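Participant:
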Amino acid sequence: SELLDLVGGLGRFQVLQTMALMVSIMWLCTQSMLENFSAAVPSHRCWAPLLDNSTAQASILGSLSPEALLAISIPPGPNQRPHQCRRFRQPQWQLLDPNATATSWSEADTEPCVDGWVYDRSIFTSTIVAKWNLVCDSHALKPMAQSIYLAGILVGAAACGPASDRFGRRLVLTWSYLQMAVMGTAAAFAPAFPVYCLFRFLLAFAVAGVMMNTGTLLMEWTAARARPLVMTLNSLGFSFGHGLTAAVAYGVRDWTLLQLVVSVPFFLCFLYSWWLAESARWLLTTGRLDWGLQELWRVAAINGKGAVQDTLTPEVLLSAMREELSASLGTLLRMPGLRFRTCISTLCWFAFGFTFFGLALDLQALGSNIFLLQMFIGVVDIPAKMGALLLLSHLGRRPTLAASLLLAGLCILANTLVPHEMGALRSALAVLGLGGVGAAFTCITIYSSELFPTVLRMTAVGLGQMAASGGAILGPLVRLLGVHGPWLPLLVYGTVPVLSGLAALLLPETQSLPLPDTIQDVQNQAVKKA
Ligand SMILES: O=c1[nH]c(=O)c2[nH]c(=O)[nH]c2[nH]1
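For reference, each letter of the sequence shown is one residue, going 4 to 329, 335 to 538 in the entry's author numbering.
1) Along the chain, where does the alpha helix (DSSP H) containing residue 333 start, and where does it finish?
2) Is the distance from the Cβ of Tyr275 to the Cβ of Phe379 below 7 Å?
3) To the nearest angstrom, how far is the alpha carbon of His47 from that of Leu369?
4) Which stretch, first to last residue, makes up the alpha helix (DSSP H) that contains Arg342?
5) Relative to the C-alpha of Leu409, which candidate in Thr188, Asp389, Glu517 and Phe362 has its C-alpha closest?
6) Assuming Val121 is part of the beta strand (DSSP E), what are its boundary residues?
7) Short check: CB of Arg203 to CB of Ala184, under 7 Å?
8) Does DSSP put residue 334 in a helix, a strand or coil?
9) For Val10, I'd like the list of residues in its chain whose CB is within less than 8 Å of its CB, leaving aside the five on either flank, ordered along the chain.
10) Classify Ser129 as helix, strand or coil using the three-state DSSP reduction.
11) Can you tell me whether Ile126 is buried or exposed? The criterion is at least 16 other CB atoms within 10 Å of its CB, across all chains shown.
12) Taking 8 Å as the threshold, find out whether the stretch 254-262 comes into contact with the stretch 388-400 through three or more Cβ pairs.
13) Which of the three DSSP states, helix, strand or coil, is assigned to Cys419?
14) Using the three-state DSSP reduction, which class does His86 fall into: helix, strand or coil?
15) Quick check: the Cα distance between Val500 and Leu415, rounded to an integer number of angstroms?
16) For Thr128, count neighbouring C-beta atoms within 10 Å of its own C-beta (all shown protein chains included) and say buried if the count is 16 or more, exposed if not.
17) Are the Cβ atoms of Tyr199 and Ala207 separated by less than 7 Å?
18) What does DSSP give as the partner residue(s) for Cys49 in the beta ladder?
19) So, at 8 Å on beta carbons, what are the nonlocal neighbours of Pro497 in its own chain, with the 5 sequence-adjacent residues on each side left out?
20) Tell me whether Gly14 counts as near ligand 1, meaning its Cβ is closer than 6 Å to at least one heavy atom of that ligand.
21) Could you give the first and the last residue of the continuous alpha helix (DSSP H) run that contains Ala23?
22) Taking 7 Å as the cut-off, decide whether the C-beta atoms of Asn237 and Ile28 are in contact.
23) Ordered along the chain, which non-local residues of its own chain (more than five positions away) have a Cβ less than 8 Å from that of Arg405?
24) Three or more C-beta pairs closer than 8 Å, one from the stretch 522-533 and one from the stretch 433-453: is that the case here?
25) Do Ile352 and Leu515 have their C-beta atoms within less than 7 Å of each other?
26) Return the CA-CA distance between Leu381 and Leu371, expressed in angstroms with no decimal places.
27) Whole angstroms are fine: how far does the CA of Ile75 sit from the CA of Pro69?
28) With hydrogens ignored, establish whether the beta-carbon of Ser179 is closer than 6 Å to any heavy atom of ligand 1.
29) Is it buried or exposed for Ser376, if we count other Cβ within 10 angstroms and need 16 for buried?
30) Could you check whether the stretch 52-65 touches the stretch 229-236, counting it as contact only if at least three pairs of C-beta atoms, one from each stretch, sit closer than 8 Å?
31) Select from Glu114, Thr104, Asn102 and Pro505 the residue whose C-alpha is nearest the C-alpha of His86.
32) For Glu114, which three-state DSSP category applies?
33) Assuming the contact rule is C-beta atoms closer than 8 Å, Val175 and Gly212 should be a hit. Round their C-beta distance to whole Å, please.
34) If you check the beta carbons only, do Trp120 and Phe196 fall under 7 Å apart?
35) Enumerated in chain order, which unbroken segments of the alpha helix (DSSP H) with a length of 4 residues or greater are wholly contained in the stretch 461-492?
36) Take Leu400 and list the residues in its own chain whose beta-carbon comes closer than 6 Å to its own, dropping the five residues that flank it on each side.
Written out as structure tokens, the structure reads:
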């Protein structure tokens, strides 16, 4: 802490780091809501000879309107729209006669689209669903692709955590940037759906790596007074990423060009990312004085602190480290106070992700334009984050986290009690819910990054990220369980965050302790707590 005070805590370096990493987080959000947009399902119909063959119109003596041909070729499906997956195969000319009931056909007259589909290009010129036939039998495979992505971020977090702790944050972040950029462009140009799925998997490895290493490096270089503000800026990075996604997708509506446009900035980001400084503190806790000295001298020179360059001799630093000198997940899970801290963090992360996907359903009731909906999500997410930052600065982290989860759960229960016809009240509760989940995200990121000591912190944050992805993955099975009664999903969506807030109330008070660097340090606050 005194070394950081010597090097300073409100200089140009932290400002540039915050801006550059917030922009990079914005682009990771663009990748995630790229996956929210690619494979949107347009209205579809069977391919029909009489419709999509100039010779078949020239063989018809006369003229029929396109609406009449559509009625004559494809039955109306659910919601008075054309049936998406069925055709009559031959034109039912009696249906033009007004003396015909709509039931003058048999189930034997319908067959699946065996010869494929004609896709509407009015909104989107091309999507993976129209190109790769992700309709009918593969409609459920779409949630499988989302499931693969979320499993990829989970396993990536579980693997990249210990790797980041072993090799350092700057190196793993840089390698994550390279892997994400290359694999994302390869995913954009993939010939087959399994190859796309593989590239999405390897991209998800790097999204998890980037998120962890940006948060980690930010905590290690920011003075304690500025840490909430800087990560709040990062969470606004998520909201601005949503808004940027909406803007780019509105401007570029072909998925290949959109994916390429979203992947190129991470190559440019990597190019400036070689300049990024590694965490001095992490280098410091592992020893290796000469390399830590070199990094401190470089950052001091970049920060304009040459008067600190002339001071700080190795004898003084060795004297200051003599007192400080005087791993596997199983180590994290075997000592009770960090087992307990990890378990509560992991449960709260699980509750976060699960509450997120569940709450997001409501957003569909407000209207239709997906671009406008994403923009409105970002715009509403921003002031909630600002309020979260002020509450985190005044009251501290634990009461704010508990209040945010309690508000979320009470909001979900109120959504359970609101009639479906009163859609405006449902919308209002949905907006309050989304604000609460965003505030909870900022709380969980601050409290999880601050709760664990540096040597095991990355392993614990990785396991937490695994828990959030576990909630997200467990989600679709609870929506498929939703068939077993309308009250079960809402009951689960209400019970999980209330229980998580109650568990979050079972945490040790923070905001006035020095950050723990070693496991031995952790015992000293516990004795003080006892
Ligand atoms: O960066 C993310 N972390 C998550 O845990 C999560 N869950 C979800 O649905 N989307 C995202 N995005």
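Don't be surprised by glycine CBs; every beta carbon is placed ideally from N, CA and C.
Facilitator: Checking against the coordinates, here is how it stands:
1) The structure shown gives no position for residue 333: in the chain, residue numbering passes from 329 to 335 with nothing in between.
2) no
3) 23 Å
4) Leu337 to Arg342
5) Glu517
6) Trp120 to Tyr122
7) no
8) Within the chain, the sequence of modelled residues goes 329 then 335, so residue 334 has no position in this structure.
9) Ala283, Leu299, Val302, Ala303, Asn306, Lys308 and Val311
10) strand
11) exposed
12) no
13) helix
14) coil
15) 16 Å
16) exposed
17) no
18) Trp120
19) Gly366, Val486, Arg487, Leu489 and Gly490
20) no
21) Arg15 to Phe40
22) yes
23) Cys451, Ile454, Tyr455, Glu458, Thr518 and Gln519
24) no
25) yes
26) 8 Å
27) 10 Å
28) no
29) exposed
30) no
31) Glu114
32) strand
33) 6 Å
34) no
35) 462-489
36) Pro231 and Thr408
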